[PDB]
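Undergrad: File entry_2.cif follows (mmCIF, C-alpha atoms and all ligand atoms):
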```
data_query
#
loop_
_atom_site.label_atom_id
_atom_site.label_comp_id
_atom_site.auth_asym_id
_atom_site.auth_seq_id
_atom_site.Cartn_x
_atom_site.Cartn_y
_atom_site.Cartn_z
CA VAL A 1 0.00 0.00 0.00
CA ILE A 2 3.04 2.27 0.26
CA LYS A 3 4.29 2.81 -3.29
CA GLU A 4 7.71 4.14 -4.23
CA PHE A 5 6.03 7.46 -5.03
CA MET A 6 3.35 8.82 -2.67
CA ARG A 7 1.56 12.15 -2.38
CA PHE A 8 0.30 13.59 0.89
CA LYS A 9 -2.16 16.25 1.96
CA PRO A 10 -1.55 18.10 5.23
CA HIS A 11 -3.99 20.24 7.14
CA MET A 12 -2.68 22.16 10.13
CA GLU A 13 -4.46 24.43 12.53
CA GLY A 14 -3.83 25.91 15.94
CA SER A 15 -2.44 29.00 17.59
CA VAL A 16 0.86 30.52 18.65
CA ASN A 17 0.79 33.18 21.38
CA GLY A 18 -2.96 33.50 20.90
CA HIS A 19 -2.69 33.96 17.14
CA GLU A 20 -4.92 31.40 15.42
CA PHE A 21 -4.22 30.07 11.94
CA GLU A 22 -4.95 27.33 9.42
CA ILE A 23 -2.65 25.92 6.76
CA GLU A 24 -3.20 23.48 3.89
CA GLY A 25 -1.06 22.09 1.12
CA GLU A 26 0.06 19.13 -0.91
CA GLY A 27 3.31 17.19 -1.08
CA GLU A 28 5.04 14.26 -2.78
CA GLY A 29 7.97 12.01 -2.07
CA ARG A 30 9.68 8.64 -2.15
CA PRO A 31 9.01 6.90 1.18
CA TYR A 32 11.77 4.29 0.78
CA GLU A 33 14.31 6.97 -0.15
CA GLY A 34 13.38 9.14 2.83
CA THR A 35 12.77 12.20 0.64
CA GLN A 36 9.78 14.53 0.19
CA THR A 37 8.67 18.03 -0.80
CA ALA A 38 5.56 20.06 -0.01
CA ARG A 39 3.74 23.20 -1.05
CA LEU A 40 2.02 24.93 1.88
CA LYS A 41 -0.31 27.89 2.14
CA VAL A 42 -1.77 29.83 5.02
CA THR A 43 -5.52 29.89 4.43
CA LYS A 44 -6.57 31.56 7.69
CA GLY A 45 -4.79 34.03 9.97
CA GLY A 46 -2.15 35.09 7.45
CA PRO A 47 0.29 36.69 7.50
CA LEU A 48 1.61 34.83 10.56
CA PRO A 49 3.23 37.16 13.14
CA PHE A 50 5.76 34.45 14.08
CA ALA A 51 8.50 32.35 12.43
CA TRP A 52 7.36 29.73 9.92
CA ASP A 53 10.27 27.64 11.20
CA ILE A 54 8.41 26.57 14.34
CA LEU A 55 5.66 25.02 12.17
CA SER A 56 7.80 23.38 9.49
CA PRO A 57 8.60 20.22 11.46
CA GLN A 58 4.87 19.58 12.32
CA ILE A 59 4.36 18.94 8.62
CA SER A 60 5.92 13.16 7.79
CA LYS A 61 7.57 10.02 9.12
CA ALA A 62 6.38 7.54 6.53
CA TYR A 63 9.18 9.10 4.46
CA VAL A 64 12.27 7.84 6.29
CA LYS A 65 14.72 5.49 4.65
CA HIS A 66 15.19 2.39 6.81
CA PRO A 67 17.65 -0.46 6.39
CA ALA A 68 15.99 -3.89 6.13
CA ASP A 69 17.04 -4.91 9.64
CA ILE A 70 15.21 -2.06 11.42
CA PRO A 71 11.44 -2.50 11.42
CA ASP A 72 9.81 0.51 9.75
CA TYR A 73 7.06 0.75 12.36
CA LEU A 74 5.48 3.87 10.89
CA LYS A 75 5.29 2.53 7.32
CA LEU A 76 3.98 -0.79 8.70
CA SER A 77 1.16 1.07 10.47
CA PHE A 78 -0.48 1.76 7.09
CA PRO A 79 -3.05 1.91 5.72
CA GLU A 80 -4.73 2.69 9.07
CA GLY A 81 -1.77 4.82 10.05
CA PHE A 82 -0.49 6.28 13.29
CA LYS A 83 -0.71 9.28 15.58
CA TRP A 84 2.04 11.36 17.12
CA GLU A 85 2.32 13.87 19.99
CA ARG A 86 5.20 16.29 20.48
CA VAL A 87 6.55 18.85 22.91
CA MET A 88 9.24 21.37 21.94
CA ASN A 89 10.79 23.24 24.88
CA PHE A 90 12.66 26.27 23.55
CA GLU A 91 15.60 27.77 25.44
CA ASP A 92 13.80 31.06 26.17
CA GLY A 93 10.70 29.44 27.67
CA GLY A 94 8.69 29.14 24.44
CA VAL A 95 6.74 25.88 24.17
CA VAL A 96 4.96 24.13 21.30
CA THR A 97 2.82 21.02 21.72
CA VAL A 98 1.44 19.08 18.77
CA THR A 99 -1.04 16.29 18.15
CA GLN A 100 -1.22 14.69 14.74
CA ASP A 101 -3.15 11.99 12.92
CA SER A 102 -1.72 10.24 9.84
CA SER A 103 -3.72 7.92 7.59
CA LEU A 104 -3.62 6.52 4.07
CA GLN A 105 -6.80 7.27 2.10
CA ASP A 106 -7.22 6.47 -1.60
CA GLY A 107 -3.49 6.08 -2.21
CA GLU A 108 -2.49 9.38 -0.54
CA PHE A 109 -1.36 10.08 3.01
CA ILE A 110 -3.62 12.44 4.95
CA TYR A 111 -2.20 14.51 7.84
CA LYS A 112 -4.30 16.35 10.39
CA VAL A 113 -2.09 18.49 12.66
CA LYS A 114 -3.05 20.55 15.71
CA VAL A 115 -0.38 22.95 17.01
CA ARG A 116 -0.30 25.03 20.20
CA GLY A 117 2.50 27.49 20.91
CA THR A 118 2.69 29.76 23.94
CA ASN A 119 5.05 31.73 26.20
CA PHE A 120 7.30 32.95 23.38
CA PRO A 121 8.86 36.32 24.36
CA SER A 122 7.48 39.26 22.36
CA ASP A 123 11.07 40.34 21.68
CA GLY A 124 12.33 36.81 21.04
CA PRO A 125 13.46 35.47 17.64
CA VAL A 126 10.20 33.57 17.07
CA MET A 127 7.81 36.49 17.48
CA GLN A 128 10.30 38.84 15.75
CA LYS A 129 10.86 36.41 12.84
CA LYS A 130 14.63 36.38 13.21
CA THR A 131 15.06 32.68 12.40
CA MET A 132 16.68 31.20 9.28
CA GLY A 133 15.92 27.45 9.19
CA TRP A 134 16.94 24.35 11.14
CA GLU A 135 20.37 22.80 11.27
CA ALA A 136 20.28 19.06 10.55
CA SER A 137 19.02 17.01 13.51
CA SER A 138 19.52 13.46 14.71
CA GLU A 139 16.49 11.93 16.42
CA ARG A 140 17.16 9.20 18.97
CA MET A 141 14.47 6.57 18.36
CA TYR A 142 13.53 3.99 20.99
CA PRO A 143 10.66 1.73 22.02
CA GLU A 144 8.99 2.53 25.34
CA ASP A 145 5.65 1.67 26.90
CA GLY A 146 4.43 0.02 23.70
CA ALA A 147 5.10 3.09 21.56
CA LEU A 148 7.96 4.49 19.49
CA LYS A 149 9.62 7.56 21.07
CA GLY A 150 11.98 10.13 19.60
CA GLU A 151 14.27 12.58 21.40
CA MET A 152 16.43 15.34 19.95
CA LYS A 153 17.82 18.81 20.48
CA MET A 154 16.95 20.96 17.48
CA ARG A 155 18.89 24.06 16.50
CA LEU A 156 17.31 27.02 14.72
CA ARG A 157 19.71 29.35 12.92
CA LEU A 158 19.40 33.07 13.74
CA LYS A 159 19.71 35.96 11.28
CA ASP A 160 22.50 37.38 13.46
CA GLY A 161 24.55 34.20 13.11
CA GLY A 162 23.76 32.61 16.46
CA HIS A 163 21.41 29.73 17.23
CA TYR A 164 18.19 29.21 19.13
CA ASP A 165 17.69 25.76 20.65
CA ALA A 166 14.76 23.45 21.44
CA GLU A 167 14.56 20.18 23.35
CA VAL A 168 12.05 17.94 21.60
CA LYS A 169 10.24 14.77 22.68
CA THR A 170 7.76 12.94 20.41
CA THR A 171 5.69 9.79 20.92
CA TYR A 172 4.64 7.94 17.73
CA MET A 173 1.84 5.38 18.16
CA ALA A 174 0.64 3.02 15.41
CA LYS A 175 -3.12 2.49 15.31
CA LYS A 176 -2.43 -1.28 15.33
CA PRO A 177 0.37 -3.03 17.23
CA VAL A 178 2.75 -3.54 14.26
CA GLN A 179 6.41 -4.35 14.99
CA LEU A 180 8.26 -1.83 17.18
CA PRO A 181 11.96 -1.51 16.30
CA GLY A 182 14.88 -1.50 18.68
CA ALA A 183 16.70 1.72 19.52
CA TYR A 184 18.26 3.53 16.56
CA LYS A 185 18.81 7.01 15.16
CA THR A 186 17.27 9.07 12.37
CA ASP A 187 19.23 11.83 10.62
CA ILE A 188 16.93 14.56 9.35
CA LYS A 189 17.46 17.76 7.39
CA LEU A 190 14.59 20.11 6.53
CA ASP A 191 15.09 23.01 4.08
CA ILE A 192 12.78 25.88 3.23
CA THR A 193 13.21 26.00 -0.55
CA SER A 194 10.84 28.82 -1.50
CA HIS A 195 8.57 31.34 0.18
CA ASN A 196 6.80 34.62 -0.48
CA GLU A 197 7.68 37.74 1.55
CA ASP A 198 5.34 37.15 4.43
CA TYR A 199 5.41 33.33 4.28
CA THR A 200 1.77 32.77 3.39
CA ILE A 201 3.09 30.53 0.60
CA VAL A 202 5.98 28.20 1.42
CA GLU A 203 7.78 25.15 0.00
CA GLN A 204 9.93 22.74 1.97
CA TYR A 205 12.05 19.65 1.38
CA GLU A 206 13.09 17.07 3.93
CA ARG A 207 15.45 14.11 3.84
CA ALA A 208 15.44 11.53 6.64
CA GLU A 209 17.31 8.27 7.07
CA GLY A 210 17.39 5.77 9.93
CA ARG A 211 20.64 4.02 10.92
CA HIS A 212 21.98 1.92 13.78
CA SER A 213 23.17 3.82 16.84
NA NA B 301 24.96 7.81 17.72
#
```
Rewrite the coordinates I just gave you, this time as structure tokens.

TA:
Amino acid sequence: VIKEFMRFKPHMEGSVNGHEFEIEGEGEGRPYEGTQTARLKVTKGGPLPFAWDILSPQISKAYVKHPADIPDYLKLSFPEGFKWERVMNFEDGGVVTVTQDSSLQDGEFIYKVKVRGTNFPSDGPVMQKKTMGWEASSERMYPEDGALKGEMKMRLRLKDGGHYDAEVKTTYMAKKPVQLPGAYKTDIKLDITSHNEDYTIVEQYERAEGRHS
């Protein structure tokens, strides 16, 4: 049911510092190669008064290259799919939580994402839009409590040349108890490849590949 080429349709809504928004789009990729692109648009609440970069990672784990000897739990979960929940704790007190449903419907993945951000400083780089994309990350993946967990520190580049850090924890839960893997690592790099001035129209690319740790 997962072909070498698969499209996906994300819908994301929520709020950051009280600012509500909705976003839609369409993407495509090669799940076994760990590669994908997407076209996103802000359909409600645009232009966003905060950095697009905090939303970009809440937008696809069926697209991670896995070696044969590591069970690809999240691909295996299809077609029913899986859900995931995330917390990002930013270094200046900003927090984002996320809940997400992923399913496979009529040959395309469907993503429903709910995002809540709060406690970002008004003069911080998120609310002032001083960010410039994520450095590559490595997510530590491990089974726990009958779910698949991921842990990573993520690094946002700043316009001034510094960095702005987040500690991130995600739980990924298949809708059926397909095979959990052992502990491993996933290397991920997300790039913003195009955007309009005020980021109401955005394109992104991500590559992700699991490996033994
Ligand atoms: Na390692």

Undergrad: For CA of residue 97 in chain A and CA of residue 12 in chain A, quote the distance in Å rounded to one decimal.

TA: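 Pair CA of residue 97 in chain A / CA of residue 12 in chain A returns 12.9 Å.
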
Undergrad: Using only C-alpha atoms, which of A:77, A:17, A:119, A:100 sits nearest residue 179 in chain A?

TA: A:77

Undergrad: Give the residue list for ligand NA 301 (chain B) at 9 Å, counting only C-alpha atoms and all ligand atoms, as an NGL selection string, sorted by chain and then by residue number.

TA: :A and (138 or 140 or 184-185 or 211-213)

Undergrad: Using all atoms listed in the file, can you tell me which of A:167, A:94, A:84, A:203 comes closest to residue 148 in chain A?

TA: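 Nearest to residue 148 in chain A: A:84.
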
Undergrad: Go ahead and compute the interatomic distance for CA of residue 115 in chain A and CA of residue 42 in chain A, in Å to one decimal.

TA: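 Distance between the two atoms: 13.9 Å.
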
Undergrad: Within 9 Å of residue 59 in chain A, counting all atoms listed in the file, which residues show up once you throw out same-chain ones fewer than 2 positions away? Write them as a list in words, please.

TA: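 My list of contacting residues is residues 10, 11, 12, 38, 55, 56, 57, 111 and 113 of chain A.
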
Undergrad: Which residues come within 8 Å of residue 210 in chain A, counting all atoms listed in the file, excluding same-chain residues fewer than 2 positions away, as an MDAnalysis selection string?

TA: chainID A and resid 64:67 184:187 208 212

Undergrad: Record the distance separating CA of residue 107 in chain A and CA of residue 6 in chain A, expressed in Å with one decimal.

TA: 7.4 Å

Undergrad: I need the residue nearest residue 129 in chain A from this list: A:112, A:44, A:159, A:195. Use only C-alpha atoms for the distance.

TA: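 Selected residue with least distance to residue 129 in chain A: A:159.
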